[PDB]
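Chemist: Sharing a structure with you now.
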């Protein structure tokens, strides 16, 4: 909820994104949906910065975070880990299936 | 910083450049953002042939088709033959596997 | 042509301009040809994000999606709300109707 409230508001409907998570294509298009409101927010935060160092740091932090290629995907970064997280879930489903096959 | 000297803004900004360079993932999806120089060039050609009412919807299909085949880059260079299973695809695998065991 | 005068190439060419203007149909489909100024602008952006191996195949989907919604113009202006049934769609109607009666 805390990762998707900044896109979809307070009533996130977490159940829909839990059953079907967002695609990398879908994660791109919500990053570009608020890309106009984020760059304007980075301008007003750099203007209200206390120092020129704090003004450069917010524009540099937002320039990295505006890029949707800078979205870290654990399926891309650690591929053998993400297939291990998949077979972690599928083994619990398989152990329930062996109990039904024994019956 | 040296005891007699004083740290300057140019050295402080390359340090923040080093922090934000670590925010970039080691291996990332090259999720393409459609540039406005490409986006309105398509939308003026769509308005050239009378399709200005669906000129925007054409540019979304151009943006999605570039995004559906988004490639994986590591050092800026494309990792050749890289296969990844996303979290939305993996949760679709889990849900049909749960529905097999539940029925 | 007058009996003392002599017909010039400028008058002969506007006459051939009048013949070729009749070759243009009174109501025509605005079938869009993708301009190369738009085509390589998409293909350089596709090569910008590492998709240069499928840069050409992206431009075909942009050309087809503009062509699948090709609009109908009469005097250069779009005929609003114009529906037409093509010969490929009509022959698909005939073939399933023949297959209904044959079975």
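Read the figures in this text as sums done on the coordinates, not as results from a lab. No Cβ is skipped: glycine too gets one built from the backbone with ideal geometry, and neighbour counts run over all protein chains shown.
Chemist: Out of the residues in the range B:56-103 meeting the condition of being at the interface with another protein chain (Cβ under 7 Å from one of its Cβ atoms), within 19 Å of residue C:43 (Cα to Cα) and more than 14 Å from the chain's Cα centre (by Cα), tell me which one is surrounded by the fewest Cβ atoms within 10 Å (Cβ to Cβ).
Modeler: B:61
Chemist: For the range B:32-54, enumerate the residues that are under 14 Å from the mean Cα position of the chain (by Cα) and facing chain C (nearest Cβ under 8 Å). So that I can check it myself, show each step before the final result.
Modeler: As a first pass, look at the range B:32-54 and keep what is under 14 Å from the mean Cα position of the chain (by Cα): B:32-35.
Once the filter is applied, which keeps residues that are under 14 Å from the mean Cα position of the chain (by Cα) and facing chain C (nearest Cβ under 8 Å), the range B:32-54 yields B:32, B:34, B:35.
Chemist: For the range A:50-76, which residues satisfy the criterion of being in a loop (DSSP other than H, G, I, E, B), within 13 Å of chain B (Cβ to nearest Cβ) and without any contact (Cβ under 8 Å) to a residue 24 or more places away in the chain?
Modeler: Pass one, the range A:50-76, residues in a loop (DSSP other than H, G, I, E, B): A:50-51, A:67, A:71-73.
Subsequent filtering for residues that are within 13 Å of chain B (Cβ to nearest Cβ) retains A:51, A:67, A:71-73.
Correct list: A:51, A:67, A:72.
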